[PDB]
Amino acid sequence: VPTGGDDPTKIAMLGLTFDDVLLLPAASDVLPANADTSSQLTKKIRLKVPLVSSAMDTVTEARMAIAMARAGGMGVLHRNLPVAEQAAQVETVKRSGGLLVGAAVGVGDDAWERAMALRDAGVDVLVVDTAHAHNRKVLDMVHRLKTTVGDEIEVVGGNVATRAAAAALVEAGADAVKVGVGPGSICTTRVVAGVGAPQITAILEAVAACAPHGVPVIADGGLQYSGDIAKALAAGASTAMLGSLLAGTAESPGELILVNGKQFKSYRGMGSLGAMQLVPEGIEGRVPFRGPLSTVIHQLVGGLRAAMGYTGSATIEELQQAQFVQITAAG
């Protein structure tokens, strides 16, 4: 074995991230303005725009959820607050029309009660929200939710970064599988634990387990540009979950901050000290202020549409079949 030892499986794969690849143009009859951007969030739920906002307390509360749903995507309400308050935010969203909304739950002692209160509040999607879903406790929560409230509510499980973990969530009954262990912009899991999986490879692997069962994959974390959204979908994901790209918007929680004459908003990991209040796996940072959500989404979907034009993809289903070229450091 060229990299050392006598075990070829010790280093199991070469992991690619978004920056490692570009989409290849292909024969096209598709105009960007006419591409169909709709896609499955879950087995049963189709969104008009394949984007969801991260379940983070500097990204998604009721205001962001309402704006995301109106833009044709969805928000996932964070769970770093009391149950009654999270459920009240679900009600606030439903009050603003027939708007789709999701909400995160953990697998702790109070997670079941949280889930039931969200259900009562009329939530459409429950996201079992962990750093590592390949675990009996997480798989049991997914299964029990699906068997109990699964007729009225779609259940998302995550996060995973391997084929076997995605397969386990599929077996548990997940309606969608969320992919991303370590790629987040505010993530320090890669330096603190030395654990992760570059996101293009993680998506390709999870899709290999999920697509043959008709389970959509949500690409979560590491998306820096609108082009990354196109790459993630081309890798086989059905939607993308955004934190950093949406934390700078007016609709996100938190105040404008002014440093050196420029405007910013705070953006922090749910595993940062500030969020948990210990061995943190996230930092507390800042992102440039970007203005209204509607305008950010327009530009993000605009980029996706351009990609669909270049690749001849009339639908997201066709984009999931596009090809990549791998690029070097120079590129």
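The first residue of the shown sequence is 1; numbering continues from there.
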Original post:
Can you tell me whether residue 278 lacks a model in a third or more of the other compared entries?
Top reply: yes
Original post:
Unmodelled deposited residues between residue 277 and residue 278: none, 1 to 3, 4 to 9, or 10 or more?
Top reply: 10 or more
Original post:
Which has higher Cα B-factors on average according to the PDB entry: 103-111 or 235-243?
Top reply: 103-111
Original post:
So which stretch wins on mean C-alpha B-factor, 168-176 or 250-258?
Top reply: 250-258
Original post:
Highest CA temperature factor in the entry: which of 122, 73, 158, 221?
Top reply: 122
Original post:
Looking at 82, 227, 198, 216, which has the highest CA B-factor as recorded?
Top reply: 82
**OP:** Within this chain's modelled residues, let me know which third the CA B factor of residue 303 belongs to: lowest, middle or highest.
**Re:** lowest
Original post:
So where's residue 12 on the chain's Cα temperature factor ranking, which third?
Top reply: highest
Original post:
Which third of the chain does residue 57 land in by C-alpha B-factor: lowest, middle or highest?
Top reply: middle
**OP:** Would you check the entry's CA temperature factor for residue 65 and let me know if it's in the chain's lowest, middle or highest third?
**Re:** lowest
Original post:
What third of its chain's C-alpha B-factors does residue 183 belong to: lowest, middle or highest?
Top reply: middle
